[PDB]
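Enquirer: Sequence and experimental coordinates follow.
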Amino acid sequence: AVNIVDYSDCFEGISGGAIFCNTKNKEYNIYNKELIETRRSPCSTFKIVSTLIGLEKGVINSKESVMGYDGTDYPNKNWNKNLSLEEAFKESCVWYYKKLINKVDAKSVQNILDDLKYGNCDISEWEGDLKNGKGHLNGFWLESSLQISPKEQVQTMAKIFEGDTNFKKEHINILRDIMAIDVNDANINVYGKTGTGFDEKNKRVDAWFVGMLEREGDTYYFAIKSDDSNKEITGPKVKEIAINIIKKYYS
């Protein structure tokens, strides 16, 4: 079932959409249906799935796991260390996740994405958007071949966290741990991942916050997405919007 809602009062004039799905019923609450059905690059929200792939394949094993930092200099101080999975996820550290995924064969990734119904499941540009000049800081999930709609993101999150995929429960629990966020409200549990990209062809941001809300035995899977022309709109900004929606409409 689809219920059209209006969350514009939480978007602060930023263009976008939101979708929330409750496990109990079959209700999707949808703000901006056209946008919620449009596939876009997941950007760093793909780290939700790449973490699970790495765990399943044994590239990493726990929230402490490391990827063998080699000393390469980066502008973000927190990337210049042998950071753990938990830290790499929270920092959105591209080198860690590029190295992780490059230890996994493409057929294994293809089959996992197919089974998750992860959007277009298109990994045909493995090295990513090389025209941007960033070299190895690139991949199929970053403004490249792989695209997924906000609705598909919510459907994928629900399958993962309701225990309906092939991934091990222990691995799902690691993801829950590293996705947990502080929202200054002890009576809900919010989990998610930001994503920040720019679609150069259409001159619009791909700014995401995707995750899950737990409130008194109810669970909602959500995806908030901006497509604003304002290049200053980032994943963290959309996360603020998501929290305002949760506080106003999901309390």
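Expert: Noted; the coordinates are in hand. Numbering: from 1, shown residues only.
Enquirer: Next, please give the residue ranges for the strands of the chain.
Expert: Listed from the start of the chain, the chain has strands (DSSP state E) covering 2-4, 16-22, 28-31, 180-181, 189-199, 204-215, 218-226.
Enquirer: just so I know, which of those strands lies nearest residue 163?
Expert: Nearest to residue 163, of all the strands of the chain, is strand 218-226, at 11.8 Å by Cβ to Cβ. Yep, even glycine has a C-beta here, placed from its N, CA and C like the rest.
Enquirer: In terms of secondary structure, what does that closest one contact?
Expert: Packed against strand 218-226 by the contact rule (3 or more Cβ pairs under 8 Å, 6 or more residues apart in numbering; DSSP states H and E) you find strand 16-22, helix 33-36, helix 150-161, strand 204-215, helix 235-249.
Enquirer: Adding mean neighbour count and distance to residue 165, write the strands of the chain out as TSV.
Expert: Listed next are the strands of the chain as TSV, based on neighbours: other Cβ atoms under 10 Å; distance: least, Cβ to Cβ, whole Å:
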stretch	mean neighbour count	distance to residue 165
strand 2-4	11	24
strand 16-22	24	16
strand 28-31	21	20
strand 180-181	16	20
strand 189-199	22	16
strand 204-215	24	14
strand 218-226	24	13
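Enquirer: Ok, which of these comes nearest residue 63?
Expert: Each of the strands of the chain has some distance to residue 63 by Cβ to Cβ; the shortest is strand 180-181, at 10.9 Å.
Enquirer: same for that closest one, what does it pack against?
Expert: strand 189-199.
Enquirer: Give me the residue at the spatial middle of the protein.
Expert: When the chain is reduced to its mean C-alpha position, the nearest residue by Cα atoms, centre = their mean turns out to be residue 45, at 2.0 Å.
Enquirer: mind checking how far the residue of the chain most remote from its centre is from residue 78?
Expert: Of all residues in the chain, residue 71 sits farthest from the chain's C-alpha centroid, using Cα atoms, centre = their mean; the distance is 27.4 Å. Distance, residue 71 to residue 78, by Cβ to Cβ, to the nearest Å: 15 Å.
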